[PDB]
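J.: this block holds the first chain(s) of the complex, placed as they are in the complex; more will follow:
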Amino acid sequence: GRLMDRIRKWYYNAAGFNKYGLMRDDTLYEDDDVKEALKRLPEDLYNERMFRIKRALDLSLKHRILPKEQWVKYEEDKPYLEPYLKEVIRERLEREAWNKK
Amino acid sequence: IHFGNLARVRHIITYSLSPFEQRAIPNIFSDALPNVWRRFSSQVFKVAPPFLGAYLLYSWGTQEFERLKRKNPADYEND
Amino acid sequence: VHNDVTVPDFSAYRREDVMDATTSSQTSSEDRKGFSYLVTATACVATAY
């Protein structure tokens, strides 16, 4: 429903990672699927992500955040990793199911 | 040995000054405090709520317990 | 190119004596260090006690 979609944008703002300049995907815990997914990222997307994270960590150490202007906006958050992650998980399930078979 | 194998990093420049050129505790009023408040503000409503809800429970039960020690004059009327 | 790169401005953080881009920062060196080392030496004395 286009209602809970209001909820989403709410949560997104409540979470607050955008205040560090992080994209939703930059906050994913690096389990195994994510580890693999990242290895498949194009050089540029990978380095962009790297700087964003090193930037947040520097903010976090400083106990500061980004000026309101620079915060990532809900509709401008690039889910760059989700496509790859989605695939890494498909492949794994395939193998898993095939090995029980 | 963990320094050198850590991560693949490119195109990032950083600048820093010797500690003997800068201020140990700089901008206390223009920067420090403002952020201290910023931070305090953003958490109060997540933290305080349950602690307060406990204070109440505590305060009630402490009193409700003492009240049960006082006598009810309505047990010595009919005698 | 690296020629288009310059060190940001650290005015917001510089100690006074080395705030002026045209004054030898060496004249106030022994001063800025003597202070910070005095603090340290004192912590040592307190800890020794």
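T.: Yep, that arrived. Numbers count the residues shown, from 1 in each chain, chains lettered A, B, ... in the order given.

J.: C-alpha only now, for contacts and for neighbours.
T.: Noted.

J.: show the contacting residues for the residue of chain C found nearest chain B.
T.: The nearest approach of chain C to chain B comes at residue C:14, 4.3 Å away (CA to the nearest CA). Contacts for residue C:14 (CA atoms under 8 Å, 6 or more residues apart in numbering or on different chains) come out as B:21, B:22, B:23.

J.: distance of it from chain A?
T.: From residue C:14 across to chain A, the span is 17 Å (CA to the nearest CA, to the nearest Å).

J.: and that residue, its phi and psi?
T.: Per-residue torsions, residue C:14: phi -60, psi 150 (degrees, to the nearest 10).

J.: what's near enough to touch the one residue in chain A that gets nearest to chain C?
T.: At 13.7 Å from chain C, residue A:62 is the closest residue in chain A, using CA to the nearest CA. By CA under 8 Å, 6+ apart, no residues touch residue A:62.

J.: list the contacts of the closest residue to residue A:12 other than its chain neighbours.
T.: Nearest residue to residue A:12 in three dimensions, chain neighbours excluded: residue A:74, at 6.6 Å (CA to CA, 6 or more residues apart in numbering or on different chains). Under the criterion of CA under 8 Å, 6+ apart, the neighbours of residue A:74 are A:9, A:12, A:13.

J.: the first one: neighbour count?
T.: If I follow you right, that is residue A:9. Residues within reach of residue A:9, counting by other CA atoms under 10 Å in any protein chain shown, total 14.

J.: pull up the gap between it and residue A:2, please.
T.: Distance of residue A:9 to residue A:2, computed by CA to CA, to the nearest Å: 11 Å.

J.: can you list the contacts of residue A:74 in TSV and add secondary structure?
T.: Shown next, in TSV, are the contacts of residue A:74 (DSSP: H, G, I helix; E, B strand; the rest coil):
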residue	secondary structure
A:9	helix
A:12	helix
A:13	helix
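
J.: out of those, the closest to residue A:47 would be?
T.: Distance to residue A:47 across those (CA to CA) is lowest for residue A:12, with 24.0 Å.

J.: what number of residues lie near that closest one?
T.: For residue A:12, the neighbour count with other CA under 10 Å is 15.

J.: put chain D on too:
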Amino acid sequence: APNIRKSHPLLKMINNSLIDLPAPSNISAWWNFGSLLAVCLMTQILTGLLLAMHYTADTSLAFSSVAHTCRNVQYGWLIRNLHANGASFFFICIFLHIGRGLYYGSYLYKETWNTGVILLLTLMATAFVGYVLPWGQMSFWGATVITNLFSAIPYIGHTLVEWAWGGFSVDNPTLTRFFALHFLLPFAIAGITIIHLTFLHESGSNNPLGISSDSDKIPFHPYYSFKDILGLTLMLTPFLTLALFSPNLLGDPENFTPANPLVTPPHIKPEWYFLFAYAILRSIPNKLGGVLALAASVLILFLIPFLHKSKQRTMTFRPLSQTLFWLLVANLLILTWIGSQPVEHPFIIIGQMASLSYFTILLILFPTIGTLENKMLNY
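T.: Just below you will find chain D, in place on the chains above:
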């Protein structure tokens, strides 16, 4: 190897864990408790040895030997103060150490976490036996009441109990074996602490944002050596202030009275750090069920790693989990409070609720809210 800090089989160790050890550039003050816990431990051991050197493990001399230590031994009173209060500091520190780990999902480092739990249990048993040593009224009845719970384990009940007591009731044989255990356990703690730090070093420290800190690591020294030393003095001031200005603040006055088997104290209650568990213990009326509830109240910690559903490591970016977390903390102050209150209405029902909520939050709510939160991120 050029510098003798990298090659030497011993200086290489001091170095690879306290000087060149890669630490996240942004770990907060909640990462200062590990070192405090350590220092605390070396401190307890040192003051303990100093006391053990004037103690006498015998029911006819225990109470008085401690009294003799405070009254006659040069600075004996001070060493005694520091030891009993140090045990508190130890727990305050350990509880925050745990909280921190729960909030920032450190438990994902399973072996580091599981060894942490073992350290907690060992520390609790340690303080338990150590408490019996001065042989006061609370020392005897605390020992009597708690160790008596084991007889509630069908079949081998009275057995394990009379074996542990070395007799038919808590008596001298129990005392002397408790002194031995109290003198021993701390070294096991130090032992296991080594293992704890070994597993930890495999991965390195976690950090407040819960994202790889590989792009920004810094040498433990001078950053964290100075940060940790400061964190020490900060805590130490209140510890000492409360110790030197209000010595008997935390202690029960019933322990200034020599144990007596023919006089049960009106209100038998543990030191502050056990209260919450005491509350959960009595919450379930039925000797066995209360024991099991107590057991699980701590053993539940071994389950946290498996009830993580979030796709993010910490709670820094999960507002729902945050409040639920603080609800839990407050849930614990309540149980604590209840633990110090007699078994009477309203306390009895408030207690059963707080217990019920405690397990509910950890077993049901937390894993659920995490799932719910993943969908709110469209994951």
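
J.: since we added chain D, can you redo the contacts of residue A:62?
T.: Taking CA under 8 Å, 6+ apart as the test, what residue A:62 contacts is residue D:26.

J.: three-state assignment of the residue of the stretch 101-250 of chain D found nearest chain C?
T.: Nearest residue of the stretch 101-250 of chain D to chain C (CA to the nearest CA) works out as residue D:233 at 10.8 Å. With three-state DSSP as the basis, residue D:233 sits in helix.

J.: what residue is smack in the middle of chain B?
T.: residue B:47 (6.1 Å; CA atoms, centre = their mean).

J.: restricting to C-alpha, output stretch D:8-19 in CSV.
T.: Taking Å, rounded to 0.1, in the frame of the first residue of the first chain, the C-alpha atoms of stretch D:8-19 are listed here in CSV:
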residue,chain,number,x,y,z
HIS,D,8,61.2,-11.1,20.3
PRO,D,9,58.8,-13.9,21.3
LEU,D,10,57.6,-11.9,24.3
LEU,D,11,57.9,-8.2,23.4
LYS,D,12,56.2,-9.3,20.1
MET,D,13,53.2,-10.3,22.2
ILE,D,14,53.0,-7.1,24.3
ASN,D,15,53.3,-5.3,21.0
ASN,D,16,50.8,-7.3,18.9
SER,D,17,48.1,-6.7,21.5
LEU,D,18,48.7,-3.3,23.1
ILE,D,19,50.9,-1.2,20.9
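
J.: which parts of it are buried?
T.: D:12, D:15, D:16, D:18, D:19 (16 or more other CA atoms under 10 Å in any protein chain shown).

J.: residue D:336: which of those is nearest?
T.: residue D:18 (36.7 Å).

J.: show me what contacts the closest one?
T.: Each residue near residue D:18 by CA under 8 Å, 6+ apart is listed here: D:220, D:221, D:225.

J.: quick check: it vs chain B, distance?
T.: In this view, residue D:18 and chain B are 13 Å apart by CA to the nearest CA.

J.: same thing with residue D:167?
T.: Residue D:167 sits 41 Å away from chain B, going by CA to the nearest CA.

J.: what do you get for residue D:184?
T.: According to CA to the nearest CA, residue D:184 stands 35 Å off from chain B.

J.: wait, does the helix or strand where that residue lies contact chain A?
T.: For residue D:184, the host element (DSSP states H and E) is helix D:172-203. No: Helix D:172-203 is not in contact with chain A by CA under 8 Å from any CA of the partner chain; minimum separation 12.8 Å.

J.: another chain to add, chain E:
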Amino acid sequence: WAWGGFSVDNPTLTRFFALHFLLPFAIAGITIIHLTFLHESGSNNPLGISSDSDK
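T.: Just below you will find chain E, in place on the chains above:
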């Protein structure tokens, strides 16, 4: 200072029990260090010549 008095007496006894209970653990401790240094080189052998050709 060691006796805790003017002659070997009770104060000496109680501090000896504590030391006796303690030292053995230090022995275990140091034993670990002993075996660590040893493992750097490996064991020596009756002929005193490199045993690398036959481990």
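
J.: with chain E now part of the structure, what is the answer for the neighbour count of residue A:9?
T.: Residue A:9 has 16 neighbours, counted by other CA under 10 Å.

J.: ok, now which ones touch it?
T.: Taking CA under 8 Å, 6+ apart, we find residue A:9 in contact with residue A:74.

J.: let's see 10 Å
T.: Applying CA atoms under 10 Å, 6 or more residues apart in numbering or on different chains to residue A:9 gives the contacts A:15, A:73, A:74, A:75, D:376, D:377.

J.: re earlier: please identify the buried residues of the helix holding residue D:184?
T.: Judged by neighbour count using 16+ other CA under 10 Å, the buried positions of helix D:172-203 are D:172-179, D:182-183, D:185-187, D:189-190, D:192-193, D:195-197, D:199-201.

J.: what's near enough to touch the residue nearest to the centre of chain B?
T.: So residue B:47 contacts D:322, D:323, D:324, D:325, D:326, D:327, D:329, D:330 (CA under 10 Å, 6+ apart).

J.: contacting chain A as well, which ones from those residues?
T.: Checked against chain A using CA under 10 Å from any CA of the partner chain, those give no members in range.

J.: for chain D, what are the nearby residues on chain B?
T.: Proximity of chain B to chain D (CA under 10 Å from any CA) is limited to residues B:1-9, B:43, B:45-55, B:57-58, B:60-65, B:68.

J.: buried only: go through those residues for me.
T.: Among the residues of chain B next to chain D, the ones that count as buried by 16+ other CA under 10 Å are B:46, B:47, B:50, B:51, B:54, B:58, B:61.

J.: about what we covered before: from the residues of chain B next to chain D, which ones fall inside helices?
T.: Those of these mapping onto helices are B:43, B:45-55, B:57-58, B:60-65, per DSSP state H.

J.: re the thing from before, wait, does the helix holding residue D:184 make contact with chain E?
T.: Yes: Helix D:172-203 is in contact with chain E by CA under 10 Å from any CA, via D:180, D:183, D:184, D:187, D:191.

J.: so what's the residue of chain C found nearest chain E up against?
T.: Chain E sits closest to residue C:49 of chain C, with a gap of 23.6 Å, by CA to the nearest CA. Shown in contact with residue C:49 (CA under 10 Å, 6+ apart): residue C:43.

J.: pull the number of nearby residues for residue 4.
T.: Here I'm looking at chain A. The local packing of residue A:4 (other CA under 10 Å) involves 10 other residues.

J.: chain D, not that one
T.: Residues lying near residue D:4 (other CA under 10 Å) number 11.
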